[PDB]
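Single chain ahead, written as structure tokens, the form deposited in one PDB entry.
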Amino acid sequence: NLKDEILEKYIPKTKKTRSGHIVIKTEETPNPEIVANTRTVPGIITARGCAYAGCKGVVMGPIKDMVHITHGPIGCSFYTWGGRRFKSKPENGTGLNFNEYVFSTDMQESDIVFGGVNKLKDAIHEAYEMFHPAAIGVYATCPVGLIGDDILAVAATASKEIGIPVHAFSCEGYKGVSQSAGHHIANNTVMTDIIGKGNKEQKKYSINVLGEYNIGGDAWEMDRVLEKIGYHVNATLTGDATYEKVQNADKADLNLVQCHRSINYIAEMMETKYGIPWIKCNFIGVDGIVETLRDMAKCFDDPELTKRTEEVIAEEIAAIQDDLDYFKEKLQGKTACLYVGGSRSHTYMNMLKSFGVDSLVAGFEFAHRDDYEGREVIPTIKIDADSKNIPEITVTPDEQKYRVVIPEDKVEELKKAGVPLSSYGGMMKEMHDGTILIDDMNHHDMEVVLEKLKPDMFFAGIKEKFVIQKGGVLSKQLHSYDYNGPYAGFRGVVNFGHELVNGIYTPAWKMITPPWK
């Protein structure tokens, strides 16, 4: 039993706390309760990051015409300099794009001892005068609250003087237990202070793609197919986004939720405030893409859209079918494990299974219980001491802007037809019986999985890649895509398969043992 083998070496106190983070999906219990979103055990060798990474590095950073100022010492800024591969182009070929810069206050000892607010004020004004961006962001780091800096007040004072928005984010690294806290902090300010501040007129067949960051061009590949079918992509939060598009996010009829973990707060709040319903978007792998596009067609219920949907699916599949056949011939019968942050595990497992590759273990950094088991468990969840501090925002319907987008009659018929409107059943729902899931996976856990299962491949991140490969096992990166992509969309399935087959069949794997041994 793999769970027992993983847990055995832990000291008693640690074994007791970790046991609940490992589950097995079975026919007897297909939706097992998992312990998730708790603090990391000190010293156990995690892959988790911090709330500032979640807020600045993940959600906010990709807004290309907003200057993002890290208020902290220099490292917080340096380690967000191009490592995460959100792609940006200047809007209409001419707009501002700050992707190639990182901005900070470069806190020194004097700022720690006497407060940093004067330096932050000067930095905001310098950014404004040098770049005239659409908006400025100020992001807290570890020292900021402790040394007494009120960034909310510095930001509001600056905004009044310079005449553009300045948004403060209290995303100190130690808040919460992972990147997740950072997502939540970002969602709160984007919702209250940016979304709905615009005045543009809504177009027909308008959708948003929420929780999509255009890593390696993913969003542009999504948009290619969505625009061919006939939709207007109003806003992507926040991959390749301008500030003004986020401000106009309320101008849509349907919200596609790609990353539930990072953007669910905004999805719920837009539904409450504006009446806009959402559906889960699964744009990795042929099965998920097609289901997503069919679900969308049924929400809009337009005979034309529907016919175009089928024509485009058929033509995109036909163009890649020879590649798909190749992948399966080259890979079928191989086994994998995967390690993600907070999302995507089932879609990658499904894409891999379309190539004949079975996935045995799915590890996670920081997914919540609602991500594993579904939102239906949100009533039963109780926030522990380490995450109870993160504000929970409440919105009310906008009397003037609210609209019933899909009448309750049609909502009822859609759910009967299998369309999960404004709900999400969780990652495990879809996984095959026997799948083992590990929450907050660590180095020890990963090494037991490698030694006992001997998978042909283990997909992970940059910290684990070379660890796995030193042992002779292929490890393709699921975050950076090893500096390629897209991996999303129809063309992404081909990019992923091509790079995977190239990896598996690299000749050096068989040359590791020298001939004198």
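The first residue of the sequence shown is number 1, and the count goes up from there. Rigid core: the largest C-alpha set superposing within 1.5 Å between the two forms.
Heads up, the form deposited in another entry isn't pictured, but that's what we're talking about next.
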query: Listed options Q332, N99, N389, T272; Cα moving by 2 angstroms or more between this form and the one not shown (core superposition); finding: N389
query: Core-aligned CA displacement of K204 at least 2 Å between this form and the one not shown; finding: no
query: Displaced residue check between this form and the one not shown: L414, CA, 2 Å or over, core reference; finding: yes
query: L414 and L305, C-alpha gap in the other entry relative to this structure (3 Å or more); finding: farther
query: In the other entry, shift in Cα separation for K388 relative to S180, 3 Å or more; finding: closer
